[PDB]
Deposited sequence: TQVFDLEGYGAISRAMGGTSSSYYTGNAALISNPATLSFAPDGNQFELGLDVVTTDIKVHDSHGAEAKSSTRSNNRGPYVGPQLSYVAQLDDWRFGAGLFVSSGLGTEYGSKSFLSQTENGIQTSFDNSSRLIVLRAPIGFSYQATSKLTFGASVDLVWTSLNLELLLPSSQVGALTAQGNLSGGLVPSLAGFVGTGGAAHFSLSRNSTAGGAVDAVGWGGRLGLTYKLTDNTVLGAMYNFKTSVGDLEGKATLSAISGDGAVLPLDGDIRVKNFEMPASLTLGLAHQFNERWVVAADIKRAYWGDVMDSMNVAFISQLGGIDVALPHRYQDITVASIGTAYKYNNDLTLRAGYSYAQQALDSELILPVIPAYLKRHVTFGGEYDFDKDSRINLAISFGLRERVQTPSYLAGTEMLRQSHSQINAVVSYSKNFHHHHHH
């Protein structure tokens, strides 16, 4: 989440508690949809998430990922029935995606042998919300919305023998496949996990579930409105699909094995958000928001792989603490049809294929509308780059850019 939804909400540091954010409010604060211009709003957009990562060896070897992006489409329509606003939409998004290739050290056996396995990641989450909004009384504005989330997980991951040995020795790695493959992998081999299938027959690790939120707004003054919204815990099942567990010996021998894999217990925590937007002049508006993701309340993960020959189970325990986000955003009416936006956000061990989220983000946004019904919104969010290190004694450097773009046509009732 953190960064909100939509070209304007993202160009404004992820702020969204109480100002027109567009059709994307269907996920953030649907109560803001009542601030929409008279009529019905059709919205179309594209999300692109560039990622730059460099991981280094204890020998000066590097594996980098960034070396063409995933583009997520965004369709949605909001309708006005008197005081009501009803809206539906499909919101595609990545939430992980790395590609280190197969010529890197991450693809070598605890031993030095260069295997040909890739090392990559890709998480895709679709959100198709159904929601409404009621302007209950000129002052407050009710707003609810249910979801339906579709998650897909692509994985390509090699673990040199020392890593499996410690998992195994820690008791975090179990299964009947331990005693049968252990001799093959040995001292200088590894194990590779692959989740490469797509869609449906394909296998493809995915899950479908529900989700939802509700919020509200209030205008104490004539240019200062306040907002808040509560998000429900994502009730997603286990991600399940086909996976190939493949053992590699000290001389590069490969012993693949197809089966089922389940990535158990993970949802997405409930979040509480409080904020306020204020207009100074009349062409300049400023917004500040404070978000609280209840990660710490996720006590309820694993990875269960199972085949005809046996299975392997990995028990990797979180250690989660609620996170807090502080965001501020600016919008400026520079022309009669050109707005300028900008903002900042503030958040608060390794594994190169699943990078941790970034602490800070600096965004820029712009709006240009040809008519009073046709608008184009742009946004560019930079996830500030942070360094961080841990045989495999690694060090990682990770930054991230974000482009969102959408065309917004306003229709009129006849």
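Several segments of the deposited sequence are absent from the coordinates, namely 1 to 4, 72 to 76, 310, 359 to 364, 407 to 412, 437 to 439.
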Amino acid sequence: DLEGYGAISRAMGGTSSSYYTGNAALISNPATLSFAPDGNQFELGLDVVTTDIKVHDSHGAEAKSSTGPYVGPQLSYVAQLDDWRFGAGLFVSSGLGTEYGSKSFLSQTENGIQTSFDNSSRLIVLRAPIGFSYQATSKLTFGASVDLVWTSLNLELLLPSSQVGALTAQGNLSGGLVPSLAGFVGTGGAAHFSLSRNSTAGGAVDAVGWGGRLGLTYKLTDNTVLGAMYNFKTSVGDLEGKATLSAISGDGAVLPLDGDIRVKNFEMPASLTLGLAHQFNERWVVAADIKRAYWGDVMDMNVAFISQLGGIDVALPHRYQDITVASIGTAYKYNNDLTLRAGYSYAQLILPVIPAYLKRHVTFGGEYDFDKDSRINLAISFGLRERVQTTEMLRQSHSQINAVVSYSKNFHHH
From here on, numbers count along this sequence of modelled residues.
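The mean C-alpha temperature factor is higher for 364 to 372 when 364 to 372 and 48 to 56 are set side by side.
Per-stretch averaging of Cα B factors for 164 to 172 and 197 to 205 places 197 to 205 on top. Out of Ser246, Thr187, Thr221, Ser104, the entry records its largest CA B-factor for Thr221. Among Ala182, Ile328, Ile312, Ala88, the highest C-alpha B-factor in the deposited entry belongs to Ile328. In the deposited entry, the Cα temperature factor of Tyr346 places it in the highest third of its chain's modelled residues.
Among all modelled residues in its chain, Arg127 ranks in the middle third by Cα B-factor. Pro30: CA B factor lies in the middle third for its chain, per the PDB record.
The PDB entry assigns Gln396 a C-alpha temperature factor belonging to the lowest third of its chain's modelled residues. Remark: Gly227 belongs to the highest third of its chain, ranked by C-alpha B-factor as recorded.
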